[PDB]
Every structure is written in C-alpha cells, then in structure tokens.
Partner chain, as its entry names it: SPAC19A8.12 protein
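Listed next as structure tokens is one chain, alone, in the form deposited without its partner chain.
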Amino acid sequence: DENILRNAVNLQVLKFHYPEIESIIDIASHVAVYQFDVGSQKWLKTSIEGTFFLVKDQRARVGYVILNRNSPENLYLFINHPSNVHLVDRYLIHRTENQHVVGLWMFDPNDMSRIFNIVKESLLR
C-alpha cells in the first residue's frame, strides 16, 4: 500500500525539520498561506505554498506543517484551542491571538472541510 510508504517517508521528512513531531494525523496537497495585517485591515499572500500536514507532537499538542516546495522556508504552527480555527467561506482562518491571523486556502474544498473536523476532533477531550 502506497499510503503506508508515503506516510512513513513524510514523517521522517517532518521529524528531520521538527524532531518533536510524533505522528501525522492528516494531509492536504496544495495549501497556500495568507497573513492578515491588523492596522492596515488587509490580507497578504505569503511565499509559503505546499503540502499541509496536520501533526501531533510528543506531548499530544496538535499543529500543522506546510512543507514549502517553492522556497526552503516551511511553516510549523500549533492549534492551541479549537475556537481559534474557523471555516470562513473558502478558507481556514487561524487566529492564535487578536493581532495574529493566518489564512489557509486548500485546492480541494473537500480537504478544507475534512481538515477542519479533524482539527476539532483532535482537540476534543
């Protein structure tokens, strides 16, 4: 099975960058990252675009890695509270703090809705 090999390989790539990552929860292929400017009231498209990995670290904290295929700089963020993630229109809006907002666009809308649910269920106690 192709997925067994893919997941094993991907986990080693993730662990090379972030040794504290314990497992991959789910994946989405073509994700683009946007950042919200607070004072300007405007969105900015970042240089980060690639494969999205929803992950768990050694302390079961939930987060995500975007492996940037364009440039070597990747992104690893935690999802600290389920209420910090909102499915707004075609985007996942992740607000870790009032002034610190990121937006994720996934090519496949089915990935966006599945990932939203998996985020919530991964944080469910």
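In this text, rigid core is short for the largest set of C-alphas that superpose within 1.5 Å between two forms. Positions refer to the first chain, counted from 1.
This next part talks about the form solved in complex with its partner chain, which is not shown.
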Should residue 113 be classed as touching its partner chain in the deposited complex when contacts are defined as heavy atoms within 4.5 Å?
no
Is there a non-hydrogen atom of residue 70 within 4.5 angstroms of a non-hydrogen atom of its partner chain in the deposited complex?
yes
Although its partner chain is absent from this view, report whether residue 23 comes within 4.5 Å of it in the deposited complex, heavy atoms only.
no
Taking its partner chain as it sits in the deposited complex, is residue 117 near enough to touch it, meaning that at least one heavy atom pair lies within 4.5 angstroms?
no
Quick one: lay the two forms over each other on the core and tell me which of 58, 47, 83, 99 moves its CA by at least 2 angstroms between this form and the one not shown.
99
Knowing the shift is 3 Å or more, I'd like to know if the C-alpha atoms of residue 98 and residue 86 are closer or farther apart in the deposited complex than in the shown chain.
farther
